[PDB]
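Written out below as structure tokens is the structure these notes cover.
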Amino acid sequence: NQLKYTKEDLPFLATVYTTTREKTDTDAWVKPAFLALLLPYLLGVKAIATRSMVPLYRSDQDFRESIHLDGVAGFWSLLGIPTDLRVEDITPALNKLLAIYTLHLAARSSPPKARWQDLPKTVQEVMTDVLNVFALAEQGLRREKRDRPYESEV
RNA sequence: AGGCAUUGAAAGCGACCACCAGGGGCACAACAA
């Protein structure tokens, strides 16, 4: 949103926190889960995402994983992505998470209202059988009232 | 009015067609205490 925060304390324990205005859990977890994979990929830092005000304190081999996610909504467990990740796994995780977000927002979403309350069903069909990726594409087409995909979407 | 004589060979189907389009999710609810 050349330093501008020079009066603020140096962050030895750097915590960042989310707020959302629909009241459900999957809606609460979609931005933290994305941020908790993302910030280690941008900055090489180690993340714990939790509801807990007390953290796990990190040290020289507590550091043996890059990310922990304490108790994510069940869309996470349904994707089968680990709740704890070593640094090599973070780009596989960001790929699966954005691939399911960019597939949920195509069908079972509306342009001003993302309807993340339905994300567990979009994950469960994609994981059951991979051709359901095209079943979701086709749902998108019908919402969009379009009979055929663009050449790019194919 | 009589005897006689109530039938006979062959054929018993042949061609073509055994479907056509279009739809194959639609809505919402993902926690409550």
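Letters A, B, ... go to the chains of the structure tokens in the order shown; residues in each chain start at 1; ligands are counted from 1 in the same order.
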* To do: List the neighbours of segment 89-100 of chain A out to 7 Å using only C-alpha atoms (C1' of nucleotides); skip same-chain residues closer than 3 positions along the sequence, and give me the result as a PyMOL selection string.
  => chain A and resi 37+41+81+85-86+103-104+123
Output N, CA and C atoms of each residue in that selection to a file, as a PDB file, in the first residue's frame.
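Listed below is the output, out36.pdb:
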```pdb
ATOM      1  N   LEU A  37       1.157 -19.591   2.000  1.00  0.00           N
ATOM      2  CA  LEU A  37       2.016 -20.174   0.970  1.00  0.00           C
ATOM      3  C   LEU A  37       2.849 -19.096   0.256  1.00  0.00           C
ATOM      4  N   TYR A  41       7.286 -17.944  -0.458  1.00  0.00           N
ATOM      5  CA  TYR A  41       7.718 -17.948  -1.860  1.00  0.00           C
ATOM      6  C   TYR A  41       8.252 -16.600  -2.356  1.00  0.00           C
ATOM      7  N   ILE A  81      -3.501 -31.587   0.021  1.00  0.00           N
ATOM      8  CA  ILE A  81      -2.283 -30.808   0.217  1.00  0.00           C
ATOM      9  C   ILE A  81      -1.880 -30.855   1.700  1.00  0.00           C
ATOM     10  N   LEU A  85       4.431 -27.923   5.266  1.00  0.00           N
ATOM     11  CA  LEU A  85       5.139 -27.990   3.979  1.00  0.00           C
ATOM     12  C   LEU A  85       6.618 -27.677   4.151  1.00  0.00           C
ATOM     13  N   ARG A  86       7.511 -28.471   3.565  1.00  0.00           N
ATOM     14  CA  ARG A  86       8.930 -28.112   3.432  1.00  0.00           C
ATOM     15  C   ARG A  86       9.116 -27.159   2.244  1.00  0.00           C
ATOM     16  N   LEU A 103     -10.537 -22.113 -10.934  1.00  0.00           N
ATOM     17  CA  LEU A 103     -11.570 -23.020 -11.418  1.00  0.00           C
ATOM     18  C   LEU A 103     -12.901 -22.848 -10.684  1.00  0.00           C
ATOM     19  N   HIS A 104     -12.886 -22.613  -9.378  1.00  0.00           N
ATOM     20  CA  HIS A 104     -14.073 -22.232  -8.616  1.00  0.00           C
ATOM     21  C   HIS A 104     -14.645 -20.883  -9.031  1.00  0.00           C
ATOM     22  N   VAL A 123     -13.579 -28.533  -5.001  1.00  0.00           N
ATOM     23  CA  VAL A 123     -12.442 -29.411  -4.708  1.00  0.00           C
ATOM     24  C   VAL A 123     -12.833 -30.883  -4.771  1.00  0.00           C
TER      25      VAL A 123
END
```
* To do: Identify all chain A residues at most 12 Å from chain B by counting only C-alpha atoms (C1' of nucleotides); ligands do not count. Present them as a list in words.
  =>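 Per the criterion, chain A yields residues 23, 24, 25, 26, 27, 73, 74, 75, 108, 115, 116, 117, 118, 119, 120, 121, 122, 135, 136, 138, 139, 140, 141, 142 and 143 of chain A.
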* Asked: Hey, what does DSSP flag as alpha helix (DSSP H) within segment 58-93 of chain A? Can you give it to me as a ChimeraX atom specification?
  -> /A:74-79,90-93
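With only C-alpha atoms (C1' of nucleotides) taken into account, the protein and nucleic acid residues at most 12 Å from residue 39 of chain A (excluding it and anything under 6 positions from it in its own chain) are residues 14, 15, 16, 31, 32, 33, 45, 46, 47, 48, 49, 66, 67, 87, 90, 91 and 94 of chain A.
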Among segment 63-120 of chain A, which residues carry a DSSP assignment of strand (DSSP E), reported as an mmCIF file with N, CA, C and O atoms, in the first residue's frame?
```cif
data_model
loop_
_atom_site.group_PDB
_atom_site.id
_atom_site.type_symbol
_atom_site.label_atom_id
_atom_site.label_comp_id
_atom_site.auth_asym_id
_atom_site.auth_seq_id
_atom_site.Cartn_x
_atom_site.Cartn_y
_atom_site.Cartn_z
ATOM 1 N N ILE A 67 6.140 -23.980 6.336
ATOM 2 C CA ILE A 67 4.767 -23.569 6.604
ATOM 3 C C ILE A 67 4.100 -24.572 7.535
ATOM 4 O O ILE A 67 4.240 -25.772 7.317
ATOM 5 N N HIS A 68 3.297 -24.106 8.487
ATOM 6 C CA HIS A 68 2.237 -24.885 9.121
ATOM 7 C C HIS A 68 0.910 -24.144 8.975
ATOM 8 O O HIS A 68 0.865 -22.921 9.058
ATOM 9 N N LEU A 69 -0.191 -24.860 8.799
ATOM 10 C CA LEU A 69 -1.533 -24.302 8.784
ATOM 11 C C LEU A 69 -2.383 -25.038 9.814
ATOM 12 O O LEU A 69 -2.821 -26.168 9.605
ATOM 13 N N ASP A 84 1.446 -29.135 6.634
ATOM 14 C CA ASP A 84 2.798 -28.696 6.954
ATOM 15 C C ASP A 84 3.665 -28.920 5.707
ATOM 16 O O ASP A 84 3.625 -30.001 5.123
ATOM 17 N N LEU A 85 4.431 -27.923 5.266
ATOM 18 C CA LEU A 85 5.139 -27.990 3.979
ATOM 19 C C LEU A 85 6.618 -27.677 4.151
ATOM 20 O O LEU A 85 6.963 -26.658 4.749
#
```
* Could you check which of A:150, A:63, A:57, A:101 is closest to residue 126 of chain A, using only C-alpha atoms? => A:101
* **Separation of atom CA of residue 147 of chain A from atom CA of residue 107 of chain A in Å** => 14.2 Å
